[PDB]
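Input: a single structure, listed below in structure tokens.
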Amino acid sequence: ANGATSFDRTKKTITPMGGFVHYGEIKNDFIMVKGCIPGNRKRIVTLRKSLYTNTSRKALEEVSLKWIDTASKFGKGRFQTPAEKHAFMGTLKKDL
Amino acid sequence: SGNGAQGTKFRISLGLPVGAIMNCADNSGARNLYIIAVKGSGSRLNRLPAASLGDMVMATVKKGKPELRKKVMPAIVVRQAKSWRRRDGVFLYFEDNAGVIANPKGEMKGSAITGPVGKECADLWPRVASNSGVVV
Amino acid sequence: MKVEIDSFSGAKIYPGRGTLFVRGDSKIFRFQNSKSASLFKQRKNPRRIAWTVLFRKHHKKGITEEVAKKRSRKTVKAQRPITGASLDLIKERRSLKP
Amino acid sequence: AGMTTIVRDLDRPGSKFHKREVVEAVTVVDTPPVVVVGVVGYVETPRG
Amino acid sequence: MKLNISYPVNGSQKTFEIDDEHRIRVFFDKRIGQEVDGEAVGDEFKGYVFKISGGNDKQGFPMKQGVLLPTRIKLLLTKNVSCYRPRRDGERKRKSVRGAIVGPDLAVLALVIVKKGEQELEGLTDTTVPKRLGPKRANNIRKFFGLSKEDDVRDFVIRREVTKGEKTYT
RNA sequence: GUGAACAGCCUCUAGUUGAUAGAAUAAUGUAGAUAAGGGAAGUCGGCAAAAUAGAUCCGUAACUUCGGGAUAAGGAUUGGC
RNA sequence: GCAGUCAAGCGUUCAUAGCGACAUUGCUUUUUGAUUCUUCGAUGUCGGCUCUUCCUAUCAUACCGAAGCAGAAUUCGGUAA
RNA sequence: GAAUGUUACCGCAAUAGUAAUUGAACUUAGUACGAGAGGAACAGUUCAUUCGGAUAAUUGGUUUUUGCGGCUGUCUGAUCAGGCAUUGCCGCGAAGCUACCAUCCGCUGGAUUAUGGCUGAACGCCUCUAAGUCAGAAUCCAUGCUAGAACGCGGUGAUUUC
RNA sequence: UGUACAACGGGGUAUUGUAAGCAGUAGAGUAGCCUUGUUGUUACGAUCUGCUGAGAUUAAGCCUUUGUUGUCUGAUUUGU
RNA sequence: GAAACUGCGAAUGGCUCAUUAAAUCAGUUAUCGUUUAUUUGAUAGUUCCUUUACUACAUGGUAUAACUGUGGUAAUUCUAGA
Ligand SMILES: CN1C(=O)N[C@H]2[C@@H]3NC(=O)c4ccc(Br)n4[C@@H]3C[C@]21O
Ligand SMILES: [Mg+2]
Ligand SMILES: [Mg+2]
Ligand SMILES: [Mg+2]
Ligand SMILES: [Mg+2]
Ligand SMILES: [Mg+2]
Ligand SMILES: [Mg+2]
Ligand SMILES: [Mg+2]
Ligand SMILES: [Mg+2]
Ligand SMILES: [Mg+2]
Ligand SMILES: [Mg+2]
Ligand SMILES: [Mg+2]
Ligand SMILES: [Mg+2]
Ligand SMILES: [Mg+2]
Ligand SMILES: [Mg+2]
Ligand SMILES: [Mg+2]
Ligand SMILES: [Mg+2]
Ligand SMILES: [Mg+2]
Ligand SMILES: [Mg+2]
Ligand SMILES: [Mg+2]
Ligand SMILES: [Mg+2]
Ligand SMILES: [Mg+2]
Ligand SMILES: [Mg+2]
Ligand SMILES: [Mg+2]
Ligand SMILES: [Mg+2]
Ligand SMILES: [Mg+2]
Ligand SMILES: [Mg+2]
Ligand SMILES: [Mg+2]
Ligand SMILES: [Mg+2]
Ligand SMILES: [Mg+2]
Ligand SMILES: [Mg+2]
Ligand SMILES: [Mg+2]
Ligand SMILES: [Mg+2]
Ligand SMILES: [Mg+2]
Ligand SMILES: [Mg+2]
Ligand SMILES: [Mg+2]
Ligand SMILES: [Mg+2]
Ligand SMILES: [Mg+2]
Ligand SMILES: [Mg+2]
Ligand SMILES: [Mg+2]
Ligand SMILES: [Mg+2]
Ligand SMILES: [Mg+2]
Ligand SMILES: [Mg+2]
Ligand SMILES: [Mg+2]
Ligand SMILES: [Mg+2]
Ligand SMILES: [Mg+2]
Ligand SMILES: [Mg+2]
Ligand SMILES: [Mg+2]
Ligand SMILES: [Mg+2]
Ligand SMILES: [Mg+2]
Ligand SMILES: [Mg+2]
Ligand SMILES: [Mg+2]
Ligand SMILES: [Mg+2]
Ligand SMILES: [Mg+2]
Ligand SMILES: [Mg+2]
Ligand SMILES: [Mg+2]
Ligand SMILES: [Mg+2]
Ligand SMILES: [Mg+2]
Ligand SMILES: [Mg+2]
Ligand SMILES: [Mg+2]
Ligand SMILES: [Mg+2]
Ligand SMILES: [Mg+2]
Ligand SMILES: [Mg+2]
Ligand SMILES: [Mg+2]
Ligand SMILES: [Mg+2]
Ligand SMILES: [Mg+2]
């Protein structure tokens with residue numbers, strides 16, 4: 001329940017359906033960073049402490065996540081959990 | 001924007017470069033608005049000044065009451081066509097391009113506004129809020 | 001955080017996903033993606049498109065166990081006589097006869 | 001690893017979007033514990 | 001949101017306001033006619049099973065059974081239907097209605113007890129309000145008391161005492 | 001065979017399979033294409049490109065040397081069985 | 001084309017806040033001339049598009065000083081490309 | 001990319017380059033000032049322009065995924081399944097590439113200029129200046145950022161037997 | 001010579017939008033025989049329906065893997 | 001006798017002269033070509049079941065306003081749950 005939150009509550013990791021495209025499943029501790037970072041997926045990346053203390057009011061804002069999208073990134077993603085997908089479509093030809 | 005428009009405006013995708021013609025949504029008699037400029041725009045070599053929903057433009061009237069024609073007057077874009085995106089993360093677009101003729105203060109000309117209106121236009125311009133039944 | 005649903009397909013539209021269309025009659029149409037969005041603009045009729053919710057509904061597809069029996073009911077069998085009627089004289093008045 | 005979307009309520013008193021939800025792009029970086037295999041010292045020199 | 005709850009056995013009704021959206025969130029995406037297990041509403045309601053009978057959203061608009069939707073739509077109304085009282089003969093009016101699917105927009109949810117929990121509720125299973133009126137017509141008296149029409153109804157009609165000054169009447 | 005057709009597209013007969021080759025698929029090109037919103041604001045200039053198009057029916061202005069203008073313009077229609 | 005010095009005058013009064021006659025000293029080389037040194041066994045010879053860099057005699061943006069600067073607006077000047 | 005033993009890892013930083021810009025609204029304030037008409041700015045806040053460096057969650061664009069479906073003509077006796085028409089045509093189309101058509105990010109110290117000052121003689125007075133000195137700008141030098149001198153450099157690992 | 005690598009197969013993800021085959025009292029209808037009909041029968045009919053959100057494709061720069069098969073010492077060159 | 005149900009009325013009135021040129025309208029016809037609340041006058045022994053162990057006729061059925069009580073909305077001759 002990495003991707004779960006106070007508001008979300010459903011137990012799920014951050015890994016999108018069918019995993020991150022081109023990467024994998026994220027089975028360990030991670031950083032989530034607002035917005036986009038330089039470099040591409042799978043690349044070695046350094047996260048460094050800031051060189052200055054910033055006030056700015058735009059920083060310092062303590063934020064709590066509401067909901068994180070766990071849907072598939074390998075297509076037009078619809079469902080979040082594999083449960084929610086069986087929930088909505090129901091029983092299929094293979095299944096039970 | 002910038003004159004008599006109370007509050008500020010978050011950036012919205014530009015659907016109307018100069019020369020675009022949009023429907024006129026009020027009862028002033030004006031059928032359409034030909035955009036000759038955009039208030040409070042920028043400058044870059046060869047860039048076309050563009051207008052977005054909520055902006056104030058200078059325009060003319062191509063079809064309309066001949067007393068509205070051959071003259072330049074300010075107007076406010078009430079509806080886009082080009083899909084724009086609000087902070088709440090939605091990508092939305094109207095059916096037609098439309099705006100109403102307005103005095104520099106940002107007060108209307110006619111008393112009514114036919115069709116829906118963007119909130120970004122509404123929040124920004126008080127008088128528009130008055131005459132607009134359907135917001136967004 | 002409202003998860004919306006598509007006005008064509010019927011699938012849930014989670015935040016940020018898809019697109020929104022304000023028709024001239026000021027009726028709103030939300031799509032989960034370009035597929036429904038186009039198909040809507042193509043004047044396709046969803047009850048004719050096999051994968052829409054409308055379709056499977058109208059054609060009655062996969063509703064089986066939602067058509068079965070259910071138990072929801074209650075039991076009371078009480079006595080709370082007419083007001084101001086002295087319900088102390090309203091008990092011994094009814095054991096009936098027969 | 002890649003990216004995803006997040007929704008949170010915004011606290012920015014004065015902003016039109018104060019107290020209202022905003023969807024936001026993010027990235028994720030897989031960061032399993034690094035391990036310390038050595039330490040090097042450095043001295044100041046007129047050269048550097 | 002506020003809850004307007006009613007015990008159809010006693011005739012008792014009390015309101016409860018519930019903050020903390022998670023607790024509220026049990027009712028979401030739920031229709032009118034579906035039942036709720038009250039463990040999740042709180043621990044005071046544990047073991048009580050509820051019924052969603054209606055309610056009013058913000059702006060107070062009523063719900064309507066059957067409309068589905070978690071929204072507010074406009075409908076043409078006629079005689080003998082909910083949320084419309086006609087002011088003229090064959091008068092119809094197109095009015096706004098709120099959907100029957102519960103949503104966070106609702107200011108008040110109308111609830112009807114089905115079964116009783118393990119804890120007595122302060123104003124409900126505790127107090128009971130007697131029916132306003134007793135039988136009027138012939139056999140209804142007979143069939144309230146099961147009289148097997150012989151027994152002479154006029155004895156079995158219910159009487160209401162009232163005091164006029166120092167003179168009490170029946 | 002399709003169709004109005006010696007058009008275009010596909011085949012029978014006959015004749016070919018000749019034009020250095022291999023591996024890749026950067027920039028730039030040459031040739032074929034697509035682009036949200038706007039719509040000539042580009043430019044000497046709509047250069048280019050795009051739009052139109054068959055047939056049946058309906059409808060068709062100025063003006064004219066009465067012969068025209070004229071497919072004027074503007075419309076609806078088209079499969080299969 | 002641009003900037004000086006003298007200060008009769010303009011500026012209600014007051015030469016020089018801001019201007020400035022008669023004169024006079026200069027700078028500049030995106031004006032035009034004047035000349036004809038260089039290229040006539042050829043340095044592609046309008047304009048635009050485009051891209052870079054440089055100049056400051058600064059239109060704007062930074063900080064100042066002055067006023068016939070109350071405020072607002074504006075004008076003169078400095079450091080400034 | 002030869003050669004400064006070989007090979008590998010981690011670093012230093014000469015020198016060179018450098019970057020951010022401009023506006024508006026709220027508030028200050030119908031305040032200061034003014035007879036009035038009119039009417040500011042400093043701090044605080046929210047956005048915006050031009051610029052730059054990324055980036056593809058989302059949305060849009062692209063389609064030889066020739067992925068799926070549809071359609072015309074013809075050819076394989078028919079069916080199934082297919083071929084040919086310079087990618088035959090059409091709808092949808094993942095992946096990638098990509099867009100102020102999408103989203104994110106764009107640092108803070110010092111020394112100065114003009115200028116306004118302190119102290120202060122020359123010149124018993126007076127003077128920001130002569131000696132000495134304070135404050136100071138979109139400037140400057142750093143910080144930061146990008147290269148890394150292939151003839152600038154440091155630390156560390158392993159260093160061959162037929 | 002091992003949470004080794006590879007080629008397939010499985011599962012997830014994703015795209016299209018309901019496969020072939022078979023069946024039906026679906027179907028504007030149409031023929032042929034007689035026992036000339038108190039659903040008379042054998043068939044044929046664009047299309048519809050059910051099995052069937054099926055079938056197909058899915059890494060070629062998707063995710064994954066207790067299954068299967070196979071691979072794991074050729075060449076050159078370097079010294080203070 | 002409030003309220004409310006029920007029944008009736010709200011289609012008369014009053015106003016205006018916009019359209020309307022064989023339309024309206026006028027006089028004169030027609031319904032053996034139709035509908036008509038009301039008023040007025042006439043008009044109804046028949047209703048059940050293979051027809052002795054029999055059907056409530058000394059009269060069969062609930063479901064609602066008003067009311068009570070819990071509610072929503074800035075807001076109306078709004079109204080919801082019980
Ligand atoms: C381009 N050229 C060319 O072909 N010959 C040269 C000529 N030299 C000149 O003196 C002259 C006078 C007028 C002109 Br034009 N030019 C020409 C310039 C030049 O370089
Ligand atoms: Mg991905
Ligand atoms: Mg994706
Ligand atoms: Mg230009
Ligand atoms: Mg004209
Ligand atoms: Mg109004
Ligand atoms: Mg598309
Ligand atoms: Mg797309
Ligand atoms: Mg050749
Ligand atoms: Mg060739
Ligand atoms: Mg070749
Ligand atoms: Mg190319
Ligand atoms: Mg295309
Ligand atoms: Mg275009
Ligand atoms: Mg156009
Ligand atoms: Mg034009
Ligand atoms: Mg032009
Ligand atoms: Mg021209
Ligand atoms: Mg043209
Ligand atoms: Mg051309
Ligand atoms: Mg086109
Ligand atoms: Mg012509
Ligand atoms: Mg036809
Ligand atoms: Mg003189
Ligand atoms: Mg003076
Ligand atoms: Mg004078
Ligand atoms: Mg000049
Ligand atoms: Mg001359
Ligand atoms: Mg010369
Ligand atoms: Mg020469
Ligand atoms: Mg020459
Ligand atoms: Mg030459
Ligand atoms: Mg040359
Ligand atoms: Mg030449
Ligand atoms: Mg260029
Ligand atoms: Mg003075
Ligand atoms: Mg100065
Ligand atoms: Mg420069
Ligand atoms: Mg310089
Ligand atoms: Mg050697
Ligand atoms: Mg104010
Ligand atoms: Mg004054
Ligand atoms: Mg700039
Ligand atoms: Mg940019
Ligand atoms: Mg195909
Ligand atoms: Mg065919
Ligand atoms: Mg077959
Ligand atoms: Mg062939
Ligand atoms: Mg050919
Ligand atoms: Mg794409
Ligand atoms: Mg710093
Ligand atoms: Mg002093
Ligand atoms: Mg000084
Ligand atoms: Mg000095
Ligand atoms: Mg001195
Ligand atoms: Mg700066
Ligand atoms: Mg320094
Ligand atoms: Mg920096
Ligand atoms: Mg080096
Ligand atoms: Mg070294
Ligand atoms: Mg192998
Ligand atoms: Mg199907
Ligand atoms: Mg490649
Ligand atoms: Mg297997
Ligand atoms: Mg009348
Ligand atoms: Mg009933």
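Starting from 1 in every chain, residues are counted up; chains themselves are A, B, ... following the order of the structure tokens, and ligands are numbered from 1 as listed.
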Using only C-alpha atoms (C1' of nucleotides), which protein or nucleic acid residues come within 12 Å of segment 11-13 of chain D? Drop anything in the same chain fewer than 2 positions from it, and give the result as a PDB file with N, CA, C and O atoms (P, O5', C5', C4', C3', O3' and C1' of nucleotides), in the first residue's frame.
```pdb
ATOM      1  N   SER A  56       9.943  31.148   0.235  1.00  0.00           N
ATOM      2  CA  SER A  56       9.223  31.111  -1.041  1.00  0.00           C
ATOM      3  C   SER A  56       7.740  30.855  -0.943  1.00  0.00           C
ATOM      4  O   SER A  56       6.992  31.123  -1.885  1.00  0.00           O
ATOM      5  N   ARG A  57       7.323  30.286   0.175  1.00  0.00           N
ATOM      6  CA  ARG A  57       5.919  29.980   0.434  1.00  0.00           C
ATOM      7  C   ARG A  57       5.369  28.928  -0.537  1.00  0.00           C
ATOM      8  O   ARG A  57       4.424  28.206  -0.209  1.00  0.00           O
ATOM      9  N   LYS A  58       6.012  28.791  -1.693  1.00  0.00           N
ATOM     10  CA  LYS A  58       5.599  27.815  -2.689  1.00  0.00           C
ATOM     11  C   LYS A  58       6.232  26.499  -2.296  1.00  0.00           C
ATOM     12  O   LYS A  58       5.635  25.433  -2.456  1.00  0.00           O
ATOM     13  N   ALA A  59       7.449  26.595  -1.760  1.00  0.00           N
ATOM     14  CA  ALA A  59       8.055  25.487  -1.031  1.00  0.00           C
ATOM     15  C   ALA A  59       7.489  25.574   0.356  1.00  0.00           C
ATOM     16  O   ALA A  59       6.587  26.377   0.608  1.00  0.00           O
ATOM     17  N   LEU A  60       7.988  24.730   1.243  1.00  0.00           N
ATOM     18  CA  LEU A  60       7.538  24.695   2.636  1.00  0.00           C
ATOM     19  C   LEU A  60       6.101  24.229   2.762  1.00  0.00           C
ATOM     20  O   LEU A  60       5.677  23.853   3.853  1.00  0.00           O
ATOM     21  N   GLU A  61       5.355  24.228   1.660  1.00  0.00           N
ATOM     22  CA  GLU A  61       3.977  23.800   1.742  1.00  0.00           C
ATOM     23  C   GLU A  61       4.035  22.316   2.048  1.00  0.00           C
ATOM     24  O   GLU A  61       4.610  21.531   1.297  1.00  0.00           O
ATOM     25  N   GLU A  62       3.452  21.931   3.169  1.00  0.00           N
ATOM     26  CA  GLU A  62       3.415  20.535   3.498  1.00  0.00           C
ATOM     27  C   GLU A  62       2.219  19.962   2.765  1.00  0.00           C
ATOM     28  O   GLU A  62       1.104  20.447   2.933  1.00  0.00           O
ATOM     29  N   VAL A  63       2.438  18.972   1.907  1.00  0.00           N
ATOM     30  CA  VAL A  63       1.309  18.396   1.182  1.00  0.00           C
ATOM     31  C   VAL A  63       1.090  16.940   1.555  1.00  0.00           C
ATOM     32  O   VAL A  63       2.033  16.214   1.870  1.00  0.00           O
ATOM     33  N   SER A  64      -0.177  16.540   1.549  1.00  0.00           N
ATOM     34  CA  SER A  64      -0.561  15.150   1.723  1.00  0.00           C
ATOM     35  C   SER A  64      -1.251  14.700   0.457  1.00  0.00           C
ATOM     36  O   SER A  64      -2.116  15.399  -0.083  1.00  0.00           O
TER      37      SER A  64
ATOM     38  N   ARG D   8      -3.948  16.109  -5.282  1.00  0.00           N
ATOM     39  CA  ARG D   8      -3.945  16.531  -3.897  1.00  0.00           C
ATOM     40  C   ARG D   8      -4.703  17.819  -3.786  1.00  0.00           C
ATOM     41  O   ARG D   8      -4.915  18.500  -4.779  1.00  0.00           O
ATOM     42  N   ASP D   9      -5.132  18.141  -2.577  1.00  0.00           N
ATOM     43  CA  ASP D   9      -5.726  19.437  -2.331  1.00  0.00           C
ATOM     44  C   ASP D   9      -4.586  20.422  -2.199  1.00  0.00           C
ATOM     45  O   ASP D   9      -3.528  20.098  -1.648  1.00  0.00           O
ATOM     46  N   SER D  15      -4.497  31.906  -3.782  1.00  0.00           N
ATOM     47  CA  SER D  15      -4.660  31.359  -5.124  1.00  0.00           C
ATOM     48  C   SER D  15      -6.096  30.956  -5.396  1.00  0.00           C
ATOM     49  O   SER D  15      -6.788  30.456  -4.514  1.00  0.00           O
ATOM     50  N   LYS D  16      -6.530  31.156  -6.632  1.00  0.00           N
ATOM     51  CA  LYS D  16      -7.874  30.771  -7.043  1.00  0.00           C
ATOM     52  C   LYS D  16      -8.129  29.294  -6.772  1.00  0.00           C
ATOM     53  O   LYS D  16      -9.261  28.868  -6.539  1.00  0.00           O
ATOM     54  N   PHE D  17      -7.063  28.510  -6.803  1.00  0.00           N
ATOM     55  CA  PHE D  17      -7.189  27.087  -6.577  1.00  0.00           C
ATOM     56  C   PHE D  17      -6.925  26.689  -5.146  1.00  0.00           C
ATOM     57  O   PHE D  17      -6.753  25.505  -4.857  1.00  0.00           O
ATOM     58  N   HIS D  18      -6.837  27.679  -4.265  1.00  0.00           N
ATOM     59  CA  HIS D  18      -6.712  27.390  -2.845  1.00  0.00           C
ATOM     60  C   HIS D  18      -7.784  26.399  -2.417  1.00  0.00           C
ATOM     61  O   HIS D  18      -8.932  26.524  -2.820  1.00  0.00           O
ATOM     62  N   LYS D  19      -7.380  25.384  -1.659  1.00  0.00           N
ATOM     63  CA  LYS D  19      -8.297  24.407  -1.073  1.00  0.00           C
ATOM     64  C   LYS D  19      -8.987  23.495  -2.093  1.00  0.00           C
ATOM     65  O   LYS D  19      -9.771  22.621  -1.715  1.00  0.00           O
ATOM     66  N   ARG D  20      -8.720  23.696  -3.376  1.00  0.00           N
ATOM     67  CA  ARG D  20      -9.310  22.830  -4.383  1.00  0.00           C
ATOM     68  C   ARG D  20      -8.276  21.863  -4.948  1.00  0.00           C
ATOM     69  O   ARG D  20      -7.077  22.152  -4.956  1.00  0.00           O
ATOM     70  N   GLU D  21      -8.749  20.694  -5.375  1.00  0.00           N
ATOM     71  CA  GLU D  21      -7.888  19.641  -5.909  1.00  0.00           C
ATOM     72  C   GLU D  21      -7.151  20.072  -7.165  1.00  0.00           C
ATOM     73  O   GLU D  21      -7.670  20.863  -7.953  1.00  0.00           O
ATOM     74  N   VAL D  22      -5.949  19.534  -7.351  1.00  0.00           N
ATOM     75  CA  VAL D  22      -5.169  19.756  -8.561  1.00  0.00           C
ATOM     76  C   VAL D  22      -4.525  18.455  -8.972  1.00  0.00           C
ATOM     77  O   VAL D  22      -3.883  17.835  -8.151  1.00  0.00           O
TER      78      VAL D  22
ATOM     79  P     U H  45       5.029  36.925   0.114  1.00  0.00           P
ATOM     80  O5'   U H  45       3.602  36.794  -0.572  1.00  0.00           O
ATOM     81  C5'   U H  45       2.542  36.236   0.171  1.00  0.00           C
ATOM     82  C4'   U H  45       1.240  36.394  -0.543  1.00  0.00           C
ATOM     83  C3'   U H  45       1.168  35.786  -1.922  1.00  0.00           C
ATOM     84  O3'   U H  45       0.992  34.381  -1.898  1.00  0.00           O
ATOM     85  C1'   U H  45       0.146  37.919  -1.910  1.00  0.00           C
ATOM     86  P     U H  46       1.470  33.494  -3.150  1.00  0.00           P
ATOM     87  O5'   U H  46       0.397  33.832  -4.278  1.00  0.00           O
ATOM     88  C5'   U H  46      -0.968  33.478  -4.117  1.00  0.00           C
ATOM     89  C4'   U H  46      -1.786  33.938  -5.291  1.00  0.00           C
ATOM     90  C3'   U H  46      -1.331  33.427  -6.642  1.00  0.00           C
ATOM     91  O3'   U H  46      -1.845  32.141  -6.917  1.00  0.00           O
ATOM     92  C1'   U H  46      -1.757  35.757  -6.749  1.00  0.00           C
TER      93        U H  46
END
```
Output as CSV one row per residue of chain G within 9 Å of ligand 26: the closest atom pair and its distance in Å to one decimal place, counting only C-alpha atoms (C1' of nucleotides) and all ligand atoms, sorted by chain and residue number ascending.
```
residue,atom,partner,partner_atom_place_in_ligand_line,distance
G:9,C1',ligand 26,1 (Mg),7.3
G:10,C1',ligand 26,1 (Mg),7.5
G:11,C1',ligand 26,1 (Mg),7.5
G:13,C1',ligand 26,1 (Mg),8.2
G:14,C1',ligand 26,1 (Mg),7.1
G:15,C1',ligand 26,1 (Mg),7.9
```
Can those selected residues be exported to a file as a PDB file, in the first residue's frame so that it contains N, CA, C and O atoms (P, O5', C5', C4', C3', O3' and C1' of nucleotides)?
```pdb
ATOM      1  P     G G   9      18.285  91.574 -22.883  1.00  0.00           P
ATOM      2  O5'   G G   9      17.396  91.146 -24.112  1.00  0.00           O
ATOM      3  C5'   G G   9      16.172  90.506 -23.869  1.00  0.00           C
ATOM      4  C4'   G G   9      15.878  89.463 -24.899  1.00  0.00           C
ATOM      5  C3'   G G   9      14.806  88.485 -24.494  1.00  0.00           C
ATOM      6  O3'   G G   9      13.516  89.023 -24.622  1.00  0.00           O
ATOM      7  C1'   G G   9      16.618  87.300 -25.381  1.00  0.00           C
ATOM      8  P     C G  10      12.530  88.951 -23.373  1.00  0.00           P
ATOM      9  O5'   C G  10      11.849  87.521 -23.545  1.00  0.00           O
ATOM     10  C5'   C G  10      11.342  87.147 -24.818  1.00  0.00           C
ATOM     11  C4'   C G  10      11.075  85.669 -24.944  1.00  0.00           C
ATOM     12  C3'   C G  10      10.283  85.004 -23.834  1.00  0.00           C
ATOM     13  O3'   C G  10       8.890  85.267 -23.907  1.00  0.00           O
ATOM     14  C1'   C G  10      12.097  83.639 -24.422  1.00  0.00           C
ATOM     15  P     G G  11       8.064  85.743 -22.611  1.00  0.00           P
ATOM     16  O5'   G G  11       8.324  84.598 -21.528  1.00  0.00           O
ATOM     17  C5'   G G  11       7.662  83.342 -21.615  1.00  0.00           C
ATOM     18  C4'   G G  11       8.305  82.305 -20.731  1.00  0.00           C
ATOM     19  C3'   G G  11       8.210  82.536 -19.233  1.00  0.00           C
ATOM     20  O3'   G G  11       6.955  82.178 -18.668  1.00  0.00           O
ATOM     21  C1'   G G  11      10.420  81.968 -19.789  1.00  0.00           C
ATOM     22  P     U G  13       8.354  88.550 -17.428  1.00  0.00           P
ATOM     23  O5'   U G  13       8.153  89.186 -15.982  1.00  0.00           O
ATOM     24  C5'   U G  13       9.043  90.175 -15.495  1.00  0.00           C
ATOM     25  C4'   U G  13       9.152  90.119 -13.999  1.00  0.00           C
ATOM     26  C3'   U G  13      10.504  89.708 -13.450  1.00  0.00           C
ATOM     27  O3'   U G  13      11.402  90.800 -13.387  1.00  0.00           O
ATOM     28  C1'   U G  13       8.748  88.603 -12.275  1.00  0.00           C
ATOM     29  P     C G  14      12.630  90.905 -14.417  1.00  0.00           P
ATOM     30  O5'   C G  14      13.504  89.611 -14.104  1.00  0.00           O
ATOM     31  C5'   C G  14      14.328  89.548 -12.948  1.00  0.00           C
ATOM     32  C4'   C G  14      14.804  88.139 -12.668  1.00  0.00           C
ATOM     33  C3'   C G  14      15.694  87.497 -13.722  1.00  0.00           C
ATOM     34  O3'   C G  14      17.053  87.859 -13.542  1.00  0.00           O
ATOM     35  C1'   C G  14      14.008  85.967 -13.023  1.00  0.00           C
ATOM     36  P     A G  15      17.853  88.669 -14.672  1.00  0.00           P
ATOM     37  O5'   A G  15      17.818  87.700 -15.910  1.00  0.00           O
ATOM     38  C5'   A G  15      18.450  86.447 -15.822  1.00  0.00           C
ATOM     39  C4'   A G  15      18.340  85.731 -17.126  1.00  0.00           C
ATOM     40  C3'   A G  15      18.651  84.255 -17.077  1.00  0.00           C
ATOM     41  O3'   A G  15      17.571  83.482 -16.584  1.00  0.00           O
ATOM     42  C1'   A G  15      19.863  85.227 -18.830  1.00  0.00           C
TER      43        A G  15
END
```
Show me which residues sit within 9 Å of ligand 15 when counting only C-alpha atoms (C1' of nucleotides) and all ligand atoms, and put them as a ChimeraX atom specification.
/B:20-21 /F:39
Using only C-alpha atoms and a distance of at most 10 Å, pull out the residues of chain A that contact chain C, as number ranges by chain.
A: 7, 66-69, 71, 76-80, 88-92
Just the strand (DSSP E or B) stuff from chain A, please, per backbone DSSP, written as an MDAnalysis selection string.
chainID A and resid 30:34 67:68
Mind dumping the selected residues with C-alpha atoms as a PDB file, in the first residue's frame?
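Listed below is the output, result.pdb:
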```
ATOM      1  CA  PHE A  30      11.597   5.058  -3.562  1.00  0.00           C
ATOM      2  CA  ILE A  31      11.438   8.784  -4.011  1.00  0.00           C
ATOM      3  CA  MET A  32       8.423  10.462  -5.561  1.00  0.00           C
ATOM      4  CA  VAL A  33       9.200  13.866  -6.952  1.00  0.00           C
ATOM      5  CA  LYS A  34       6.722  16.475  -8.070  1.00  0.00           C
ATOM      6  CA  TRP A  67      -4.804   9.654  -4.650  1.00  0.00           C
ATOM      7  CA  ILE A  68      -2.010   8.250  -6.839  1.00  0.00           C
TER       8      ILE A  68
END
```
Which residues sit within 12 Å of ligand 47, counting only C-alpha atoms (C1' of nucleotides) and all ligand atoms, listed as a PyMOL selection string?
(chain H and resi 78-80) or (chain I and resi 20-22)
9 Å from ligand 11 is the threshold here; counting only C-alpha atoms (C1' of nucleotides) and all ligand atoms, which polymer residues fall inside it? Answer as a VMD selection string.
chain F and resid 21 to 23
Residues at most 9 Å from ligand 14, using only C-alpha atoms (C1' of nucleotides) and all ligand atoms? Could they come as a ChimeraX atom specification?
/F:35-39
Pick out the residues no farther than 7 Å from ligand 43, counting only C-alpha atoms (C1' of nucleotides) and all ligand atoms, and list them as a PDB file with C-alpha atoms (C1' of nucleotides), in the first residue's frame.
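The resulting pocket.pdb:
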```
ATOM      1  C1'   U H  21      13.303  38.734 -18.529  1.00  0.00           C
ATOM      2  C1'   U H  50       9.311  37.276 -23.736  1.00  0.00           C
ATOM      3  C1'   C H  51      13.737  33.616 -22.765  1.00  0.00           C
TER       4        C H  51
END
```
Report as number ranges by chain all protein, DNA and RNA residues lying within 8 Å of segment 59-62 of chain I, evaluated on only C-alpha atoms (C1' of nucleotides), omitting residues in the same chain fewer than 3 positions from it.
A: 18, 21-22, 74; H: 96; I: 13
Can you tell me, as a list in words, what residues are no more than 10 Å from segment 48-59 of chain F when counting only C-alpha atoms (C1' of nucleotides), ignoring any on the same chain fewer than 2 positions away?
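Non-adjacent residues within range: residues 46, 73, 74, 75, 76, 77 and 78 of chain F.
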Please report the interatomic distance between atom CA of residue 134 of chain E and atom CA of residue 9 of chain E in Å with one decimal.
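According to the coordinates, atom CA of residue 134 of chain E and atom CA of residue 9 of chain E are separated by 16.5 Å.
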Hey, which residues come within 12 Å of ligand 22 if we count only C-alpha atoms (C1' of nucleotides) and all ligand atoms? Could you give them as a list in words?
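Sorted by chain and then by number, the residues are residues 60, 61, 62, 63, 68, 69, 70, 71, 72 and 73 of chain F.
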